[PDB]
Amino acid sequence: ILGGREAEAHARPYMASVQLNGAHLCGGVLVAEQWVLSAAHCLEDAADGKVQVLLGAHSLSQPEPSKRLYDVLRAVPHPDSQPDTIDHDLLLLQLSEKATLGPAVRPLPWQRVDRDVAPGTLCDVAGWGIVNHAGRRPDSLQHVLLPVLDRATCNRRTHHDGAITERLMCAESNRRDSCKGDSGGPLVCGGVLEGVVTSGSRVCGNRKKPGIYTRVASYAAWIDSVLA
């Protein structure tokens, strides 16, 4: 997260760290007792590597009573996802068992009505991604409040030049933004999951290159199918 602040410990009990070989790789969001939603590019070339999900965390390295590392039974990338595209960039991870729920571990309600979030809505994005241009990695969860950017402005030649489909949304990236390592994390608006940070490489904190988030409402039937 660039231009953000340290999050209040355990105030976002749905927040997951998706780890590969014991290191934070991507953000994720607990959407059901046994399922974490993240981004499909997260597990590219991860083939053989150990994927785990850390729930109930604030610090990645310090002991906390609510912290629990879960193994993953199945990793389900969206079938239409591809390495060279930003489309259908979703991944569902089935945990080894249902998560132990409590004040610090709880699934987030997610948007099932396919209607756009109004431009200007203030949404929250959290993650353990880089915090500066040198690549400094925070030990604790960071967050930033970002206003939603209308799709037509996001699609201008100066911005993302027509790449923003109806299944994607944008948020302003003016010195405050999601960055490397925040991919897969949640974009929460009015206490409901609206988007998942995309995992394509992009410059951070440059107002001319808005943040791109996959709209979960646009994938409600796929999310339901996988869990079933």
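In this text, the rigid core denotes the largest set of C-alpha atoms whose superposition between the two forms falls within 1.5 Å. Numbers follow the displayed sequence, beginning with 1.
Structural divergence in 7 other deposited structures of this protein between 157-165 and 194-202: following superposition by the core, 194-202 has C-alpha atoms lying farther from the shown form. Look at the mean CA B-factor for 57-65 and for 40-48 in the entry; the higher one is 40-48. Stretch comparison (175-183 versus 191-199) by mean CA B-factor in the PDB entry places 175-183 on top. Within the selection 79, 102, 109, 138, the deposited Cα B-factor values reach their highest point at 102.
Per the deposited record, 204 carries the highest C-alpha B-factor of all listed residues (15, 212, 216, 204). Per-chain ranking of the deposited C-alpha B factor places residue 71 in the middle third. The entry lists a Cα temperature factor for residue 163 that places it in the highest third of the chain's modelled residues. Residue 89: CA B factor in the lowest third of modelled residues in this chain (values from the PDB entry). Among all modelled residues in this chain, the alpha-carbon of residue 127 has a temperature factor (C-alpha) in the lowest third. Ranked against the other modelled residues of its chain, the C-alpha B-factor of residue 118 as given in the entry falls in the highest third.
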